[PDB]
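Here Cβ is always computed from backbone atoms with ideal geometry, including for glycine, and neighbour counts include all displayed protein chains. Read-outs: derived from the displayed coordinates by stated rules, not from any lab.
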Number of protein chains: 2
Amino acid sequence: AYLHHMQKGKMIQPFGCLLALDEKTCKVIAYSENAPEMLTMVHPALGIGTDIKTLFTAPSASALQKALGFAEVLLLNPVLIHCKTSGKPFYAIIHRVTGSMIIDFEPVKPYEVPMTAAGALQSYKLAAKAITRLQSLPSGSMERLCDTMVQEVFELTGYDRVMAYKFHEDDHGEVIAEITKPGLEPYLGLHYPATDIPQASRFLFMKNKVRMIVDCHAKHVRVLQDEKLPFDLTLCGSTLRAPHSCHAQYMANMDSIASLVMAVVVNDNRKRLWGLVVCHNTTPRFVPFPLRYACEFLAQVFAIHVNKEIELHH
Amino acid sequence: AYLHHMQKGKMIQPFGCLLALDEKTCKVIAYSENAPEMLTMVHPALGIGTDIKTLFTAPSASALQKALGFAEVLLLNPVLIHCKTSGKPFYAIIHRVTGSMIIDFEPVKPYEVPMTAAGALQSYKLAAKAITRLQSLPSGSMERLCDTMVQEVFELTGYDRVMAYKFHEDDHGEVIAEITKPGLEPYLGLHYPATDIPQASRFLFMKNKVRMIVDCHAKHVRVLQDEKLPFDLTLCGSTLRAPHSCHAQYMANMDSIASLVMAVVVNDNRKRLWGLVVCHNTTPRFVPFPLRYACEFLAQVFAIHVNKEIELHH
Ligand SMILES: *[C@H](C)[C@H]1/C(=C/c2[nH]c(/C=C3N=C(/C=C4\NC(=O)C(CC)=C4C)C(C)=C\3CCC(=O)O)c(CCC(=O)O)c2C)NC(=O)[C@@H]1C
Ligand SMILES: *[C@H](C)[C@H]1/C(=C/c2[nH]c(/C=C3N=C(/C=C4\NC(=O)C(CC)=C4C)C(C)=C\3CCC(=O)O)c(CCC(=O)O)c2C)NC(=O)[C@@H]1C
């Protein structure tokens, strides 16, 4: 049941909006219900069949159309687009599922637009400096390694709590490293049942390496697809995918209103989800795609060092 | 002689243009002679006293006005700027000197503007992956380290030739590592007199860590300043500074039409120019600022690893 509903990904978070385009026509075959309000100023309305040249400025529309010609692995994200009518800017984060191109749109502040390259370099520079400090660490201690990683992620991301959450051989988890703002209740050293993080969630982390939830109380937005399609599209690769209601309740229950989670995959391309780097915030929190992208590489390097320490232990 | 037409030389390369703005009024106090044609469509539109609000779109001018408020170590470069009406885009690379904020403008292809952050992330990602390969090197071999560095820089920058050029105690240089495209004659192993790289040039590299020359045969452009400006505007810090005619001729004579040079400073803040990573191309070559910025960090990491190797076999 979990996997069915998570793969389809028909509910999104309202911080952004989603379009899916047919690779052959470049026209809209799915949209989140908030996309008309976000991307247009409601003389044709955004719906099934819409041409993106009516939605975005010419260079923006062209950048999205040109993306159709890249293999997933060669897509360079994000694209900064401007809406045609309003001029409103968004980062467009593109992924592919077979013959569909799925696009997440996350708003950008106006003053961020001239600074887009600057901010991207700075985010990656900070992450690269973290990586050099991971590398500097004396080997032999998983604990020092994980302590360092949670400290670096805390400084980079500005969340109230950062944990290293390790999966044991029976799939139960343990918090093995933690940093928090002063005053928060610690979870360090605590163990949690396997069923707190279902198989389906662990499976998706193998492919979707960074997952952000801005506000667990936010009202989810439905995605509508072309009625002509005789199957459901798979939208689980979206950056905006809404949390399952069980998990949103779980978050509300522990006063983690926002989260950012990074998969830690050892022997990645023996390939195994070692654990998660789990960031929580007491209040809503959004971090822009370039920083999340930089975090993904920091987590990849961490995973290499984790596996080194495992082998040094064995 | 040398230092006083490198500190007081007023020529730039024509691949971009330069403005200097007053540190209080923000108005133009100096400009390259090609800036009117490059930035306007032609009481001139650009001269001494021009207000940048008349040259650039509002987010663009806004972002530059904001920079006029930040300390230089706090400047995050580059800024993506658009010229008024045309939207003609440039990367603006900002630095400070006594009395002024100096802005180098390097053109950007208009349809690439949506991909500026994407390109910046990819440049830094590639450099960060190179850094991890330098890091994974078994220590004990300066040769392996330098060979790996030139290889990484070659793949990142796309130049015909990449060399590691080491300064001996007597300041003469030696090519100690090299990679080229197939069929180029090597320079590996050659020693060159100290006078080929004058002390003033070596001293500049301490501060200006990356230097690009797009075309040694290009016709240089004068920077004009108000003759009543109470100080002399230096171009030592400009990305566009023209090569001394002696060096331009040296490049032509060895068929290096283009170059990209990275300083390698050990004990950086004992502090010494160890050498240079020297990239040459047979034909003109331009790489954008975000890649040069990424290369700067790669060179900094390289310098640390060089200095470790020195201490090790000492
Ligand atoms: C519903 C009946 C059951 C359930 C389902 C469920 N959990 C997840 C995913 C996650 N659960 C956790 C758990 C933790 N977070 C913490 O901070 C800690 C230590 C304090 C634990 C143990 C995490 C980190 C995730 C991943 C969530 C994310 O992606 O950020 C899912 C998947 C939700 C989704 O939409 O992806 C589901 C369905 N959880 C329960 O507790 C019930 C038994
Ligand atoms: C002029 C009478 C004399 C002189 C002056 C001069 N040289 C430079 C700068 C550089 N010279 C070199 C030399 C080399 N490049 C190589 O690739 C090799 C090995 C094949 C050598 C020996 C280099 C690398 C530089 C740095 C240049 C850069 O910034 O890219 C200058 C400074 C030029 C400037 O405007 O900054 C000057 C004035 N060179 C001679 O040969 C004369 C004897």
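For this structure, a couple of remarks:
- What the phi angles of region A:206-218 give under the Karplus curve with 6.51, -1.76 and 1.60, with θ = phi - 60°, is a coupling list of 4, 10, 9, 7, 9, 10, 10, 10, 6, 7, 5, 8, 5 Hz, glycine and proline written as x.
- Whole-number D in µm²/s for region B:104-213 (Stokes-Einstein; Kirkwood sum over Cα pairs; 4 °C, 1.567 mPa s): 78 µm²/s
- Ranking B:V97, B:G16, B:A67 by how far each Cα lies toward the positive end of the dipole of chain B (charges on Cβ) leaves B:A67 at the top.
- Comparing the protein assembly as shown with the 2.2 N^0.38 Å rule of thumb, its C-alpha radius of gyration ratio is 1.04 (two decimals).
- Computed log₁₀ I(q)/I(0) - Debye formula, equal Cα scatterers, no solvent, region A:193-262, q 0.20, 0.21, 0.27, 0.28 Å⁻¹: -0.96, -1.04, -1.39, -1.43
- Sorted from closest to farthest, the other copies place their A:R270 label points 3.8 nm away, with each point set 7 Å from Cα along Cα→Cβ.
- Pair B:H172, B:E155: separation of 7 Å Cα→Cβ label points (nm): 3.5 nm
- For region B:121-245, a simple Cβ point-charge model (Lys and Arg +1, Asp and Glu -1, everything else neutral) yields a dipole of about 560 debye relative to the Cα centre.
- Per-selection Rg to Rh, region B:167-234 - Cα, Kirkwood hydrodynamic radius: 1.11
- Taking only the C-alpha atoms of region A:190-314, the Rg (one decimal) and the largest Cα-Cα distance, Dmax (whole number), read 16.3, 56 Å.
- Taken about its Cα centre, region B:20-137 carries a charge dipole of roughly 420 debye when the Cβ of each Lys and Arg holds +1 and the Cβ of each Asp and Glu holds -1.
- Gyration tensor (alpha-carbon) shape descriptor, chain B, a/c threshold 1.5: prolate
- Cβ-vector label at 7 Å, A:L184, separations to other copies in nm: 5.1
- Copies compared at B:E37 - label distances in nm, ascending, label defined 7 Å from Cα in the Cβ direction: 5.2
- Charging the Cβ of each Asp and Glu at -1 and of each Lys and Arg at +1, and nothing else, the dipole of region A:4-51 about its Cα centre rounds to 160 debye.
- Arranged from fewest to most other beta-carbon atoms within 10 Å of their beta carbon, B:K109, B:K10 become B:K109, B:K10.
- Remark: the Cα gyration tensor places region B:197-236 in the oblate category, a/c being 1.5 or greater and a/b not exceeding b/c.
- Global geometry of region A:2-112, whether rounded, prolate or oblate, following the gyration tensor of its Cα atoms and the 1.5 cut on a/c: rounded
- Value of [θ]222 nm, deg cm²/dmol, for the protein assembly as shown, DSSP H segments ≥ 4, -39500 (n - 2.57) each, nearest 500: -9500 deg cm²/dmol
- Footprinting exposure proxy for B:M212, B:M142, B:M115 (fewest neighbouring C-beta atoms within 10 Å first): B:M142, B:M115, B:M212
- Sequence of A:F286, B:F297, B:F302 once ranked by neighbouring C-beta atoms within 10 Å, starting from the fewest: A:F286, B:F297, B:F302
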